[PDB]
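**Q** heads up, no residue letters with this:
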């Protein structure tokens, strides 16, 4: 039940970097070594800790990192990048085969930066995991809304 989000008062670079380490294990899936994280994102981390950027813009920027894409995109088929990508941001599986075709089409035409940006600008993300909250896995529960047809 360890909930990682930005509290209005966290100016601490240590607590910020723990929020960032959690965001790695959400998006990149792997636990990233802090000495690697300061070689890759030490310049991007300073904006989050001092407050020049939001948590949404930081995390969307982690989704743009070619380290993540080297692992879960460049050796992976585009459709598998959709389900694992949405799992890491929305915490959901893709809705229909047509939903898959749209994320697949955006990634094919624009590219990977537009694909992550589509998952993060999905209305479910901003209303639940907004510009303060980290996208944690949404429990094995998930079952809502399903009424009598």
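**A** Good, I have the coordinates. Numbering: from 1, shown residues only.

**Q** make it CA atoms for all contacts and neighbour counts henceforth
**A** Noted.

**Q** Select the longest helix from the chain.
**A** When the chain is parsed with DSSP state H, its longest helix is helix 13-27.

**Q** Check which residues of that one are buried.
**A** 16, 17, 19, 20, 21, 22, 23, 24, 26, 27 (16 or more other CA atoms under 10 Å).

**Q** do the same with stretch 123-138
**A** For stretch 123-138, burial by neighbour count (16+ other CA under 10 Å) applies to 125, 126, 129, 130, 131, 132, 133, 134, 135, 136.

**Q** What helix or strand is the second one located in?
**A** Element membership for residue 126 (DSSP states H and E) is helix 123-128.

**Q** What residues does the residue nearest the centre of the chain make contact with?
**A** For the chain, residue 89 is the residue whose C-alpha lies nearest the centre (CA atoms, centre = their mean; 3.9 Å). For residue 89, the contacting residues are 26, 27, 119, 120, 125, 135, 136, by CA atoms under 8 Å, 6 or more residues apart in numbering.

**Q** Could you verify my assumption that residue 48 touches residue 54?
**A** Yes - contact criterion CA atoms under 8 Å: residue 48 and residue 54 qualify, at 6.5 Å.

**Q** higher neighbour count, these two?
**A** More neighbours surround residue 48 than the other of residue 48 and residue 54, with 20 against 16 (other CA atoms under 10 Å).

**Q** Give me the neighbour count for the closest residue to residue 137 other than its chain neighbours.
**A** Sequence neighbours aside, residue 91 is the residue nearest to residue 137 in space, at 5.3 Å (criterion: CA to CA, 6 or more residues apart in numbering). Residue 91 has 20 neighbours, counted by other CA under 10 Å.

**Q** Would you agree residue 91 falls within a helix?
**A** No - assigned with DSSP: H, G, I helix; E, B strand; the rest coil, residue 91 falls outside any helix and is coil.
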